[PDB]
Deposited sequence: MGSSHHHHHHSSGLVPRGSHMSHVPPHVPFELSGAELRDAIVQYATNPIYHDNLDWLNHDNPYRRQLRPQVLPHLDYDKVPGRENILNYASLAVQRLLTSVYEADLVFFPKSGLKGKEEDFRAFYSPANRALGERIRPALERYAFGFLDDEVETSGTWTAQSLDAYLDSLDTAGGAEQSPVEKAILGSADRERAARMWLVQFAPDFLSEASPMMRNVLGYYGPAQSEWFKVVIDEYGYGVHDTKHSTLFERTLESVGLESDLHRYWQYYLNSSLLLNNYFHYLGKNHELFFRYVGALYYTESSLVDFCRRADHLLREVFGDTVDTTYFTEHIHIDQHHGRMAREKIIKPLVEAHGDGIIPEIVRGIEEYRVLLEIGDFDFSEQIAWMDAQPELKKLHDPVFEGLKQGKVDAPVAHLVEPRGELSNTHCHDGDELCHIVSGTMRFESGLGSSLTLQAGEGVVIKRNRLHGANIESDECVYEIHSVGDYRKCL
């Protein structure tokens, strides 16, 4: 028997393999802000991946840096190759993009880099979350006010724009609802398999398309002027949103974390009533009667501890309890990241007029060397659309000549003319496009922008 060479992929061979998967033309930069009914095109900005270090796994203080957002976009596209998508208007015309996403090359390229991507995205959870008995697990299970999402949407200068930015975050999740959960009911195991499929049955709405939860979220999006084609608002997905959705494909694809999904299954269903009640009350508060919230209220109309957790512990032993606990705590940490990330973006979107005015005083500090900041000069023609991204330090955009559309979120835009600019806060999703025949502008890497005031 020949010796086994352990699987290894790191260093430059990892960067080349990640670039290889992402250089597929369906992943290149979009010329518009939205995807036009094409579920096979996902913008991964491949021109930046060669310059990132995937060997250096970041901590929680740095999971909002661009490399983590770049990895989230790669992981979403890698996971979703197992899911069936077709445009709302049909496959006719998009056959070539359909073949470039579902091909023997695309999945193998993404599956070979998945272990390394799955460690840059979730490696920090080891520092954020012993032996257990069924008795200790019970008490921990028994020990489980305005939400941060309510404060940001209700306290926003534009409540409707804030809520619409919140709804599109659930597009990859709710429109393919229970797709990650179904990864566990494949195979052959005990009665817990039928019990888990019982959740999927309700999650798919008995087979009827009208009561399917994915169709319910369509009417929710269509009631506020938003579309339901994936992935229309891909460029408006926050880092934390992809992190939350990718976590269940992470738990669902890798069956060694099957008991971690069992823990997160309890926590979601036991917190789902309060979440759906808050979403229904908040949406009707922002939009009124015109909003369709049947998706959330149906969940209140609708078994895991006795019918799944208990028989699994009796059959597979007490050694699986820490993983059930770890799945609960890992998910709670991720929810905290979403509340912080989403609240920072809304405040960043609402403060756009003042951060544009703030460009002046920051610009004077640099001219007086209050800080020493690297500068880059750029000349781009109209239609050079920088896809949405973020930076690890604050930047000062200064427009010398021309006209630029600075994007900070769905419905949040600034027109920047000659002599004007904007202060770009770090870790915030943002992009830009040129609206004039030519635009000359500068980018100042000031680190902390408050050091220039």
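Mapping the modelled residues onto the deposited sequence reveals missing stretches at 1-23, 153-155, 171-176, 335-340.
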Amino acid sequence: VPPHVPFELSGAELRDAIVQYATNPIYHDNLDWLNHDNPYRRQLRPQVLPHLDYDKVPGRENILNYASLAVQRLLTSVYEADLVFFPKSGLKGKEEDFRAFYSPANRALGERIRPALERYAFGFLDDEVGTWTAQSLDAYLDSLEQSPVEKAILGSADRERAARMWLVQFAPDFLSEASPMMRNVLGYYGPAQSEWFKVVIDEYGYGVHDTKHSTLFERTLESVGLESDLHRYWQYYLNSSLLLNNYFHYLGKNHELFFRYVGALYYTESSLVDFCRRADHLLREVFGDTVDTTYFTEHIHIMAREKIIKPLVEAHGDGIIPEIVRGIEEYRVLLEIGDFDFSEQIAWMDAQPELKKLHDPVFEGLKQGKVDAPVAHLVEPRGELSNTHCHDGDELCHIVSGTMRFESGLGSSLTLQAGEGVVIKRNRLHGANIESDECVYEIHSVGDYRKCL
From here on, numbers count along this sequence of modelled residues.
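When the C-alpha B-factors of 310-318 and 245-253 are averaged, 310-318 comes out higher. For the segment pair 152-160 and 104-112, the entry gives 152-160 the higher mean B-factor, averaged over Cα atoms. Remark: of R119, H301, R73, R232, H301 shows the highest value [criterion: C-alpha B-factor in the PDB entry]. Of the candidates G130, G123, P172, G338, the one whose C-alpha carries the top B factor in the deposited record is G130. Ranked by C-alpha B-factor against the other modelled residues of its chain, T293 falls in the middle third. For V57, the recorded CA B-factor ranks within the middle third of the chain. Only modelled residues enter the ranking. Annotation for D210: C-alpha temperature factor in the highest third relative to the rest of the modelled chain, per the entry. Ranked within its chain, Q352 lands in the middle third, by CA B factor from the PDB record. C276: CA B factor in the middle third of modelled residues in this chain (values from the PDB entry).
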